[PDB]
Amino acid sequence: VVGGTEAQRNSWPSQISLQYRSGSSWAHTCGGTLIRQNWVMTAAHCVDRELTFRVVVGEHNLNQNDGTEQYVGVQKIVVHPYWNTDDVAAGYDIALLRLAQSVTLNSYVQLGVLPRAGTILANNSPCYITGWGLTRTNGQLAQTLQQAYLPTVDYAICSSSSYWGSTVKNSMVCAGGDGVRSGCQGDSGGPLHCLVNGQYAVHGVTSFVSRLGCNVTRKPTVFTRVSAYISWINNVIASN
Ligand SMILES: [Ca+2]
């Protein structure tokens, strides 16, 4: 997250760190959202590589013992069947991870609430991106979980020629684009939390930013629109 602030450690209890095994260590690669005690929602592109993955819930500082973490293996990966890694602009950037164990819920570990199917946010709706991704274009991962305020940019604006044009689909949410705040590498897969009727819900799965840079004016961060995938999510969990 570029232009973020450090989150409070109990603000975003559905955020997870998706990590892969790297020698005798683990490396953070992506975010995700805990949606059942044994299921995480992330981006498909986060799991294109043939890596060994784990999920960390209750994580605040990637580099320090928080005293709240639970570490759990990924048992099964179900990528959306229309996903193509060489066509991120086509959409379908979503995957579900079945965890090897059910995590225990507490003030640091909670299920993310998803919107009702079909819900579309008004332009300029209040949202936060969260993650441990780079804090500058071509920078380094955050140590502590970051948040940034990224108001939505509706489809008509986002898909206009000075924004993303044809690259953005109605199956996506755009947010931000102010040139200061954005998602960045290592945020992919994580949530966009939007305040609706007094409740935050996870409306987005972080999918991409511009090849030119993370915080680029009129290139808002692009997310998979969770409300387009409710039936798919429910069907995968019910069949697995
Ligand atoms: Ca930690």
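One-based numbering, in listed order, for ligands and for the atoms of each. We use all heavy atoms of the structure for the numbers below, so side chains are in, but hydrogens, waters and symmetry mates are not. Counting from 1, the numbers follow the sequence of the chain as shown.
Between the side chain of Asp187 and the backbone N or O of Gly133, at least one donor-acceptor pair lies under 3.5 Å. In this structure, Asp66 contributes its side chain and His60 its backbone to a donor-acceptor pair below 3.5 Å.
Cluster annotation: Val74 and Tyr71 are assigned to distinct hydrophobic clusters (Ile/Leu/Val/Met/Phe/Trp/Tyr, side-chain heavy-atom contacts under 4.5 Å, transitive).
Protein nitrogen, oxygen and sulfur atoms, that is N, O or S, within less than 3.0 Å of the Ca ion (ligand 1) amount to 5.
For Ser162, the side-chain hydrogen bond (donor to acceptor under 3.5 Å, both in side chains) partners two or more places apart in sequence, or in a different chain, are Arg218.
Within the structure, ring-ring contact (aromatic ring centres under 6.0 Å, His included) contacts touching residues 145-194 (residues at least two apart or in different chains) are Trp12-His193, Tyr128-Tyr149, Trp164-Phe208. Sorted by first and then second residue, the ring-ring contact (aromatic ring centres under 6.0 Å, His included) pairs involving residues 13-59 (not counting sequence neighbours) are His28-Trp132.
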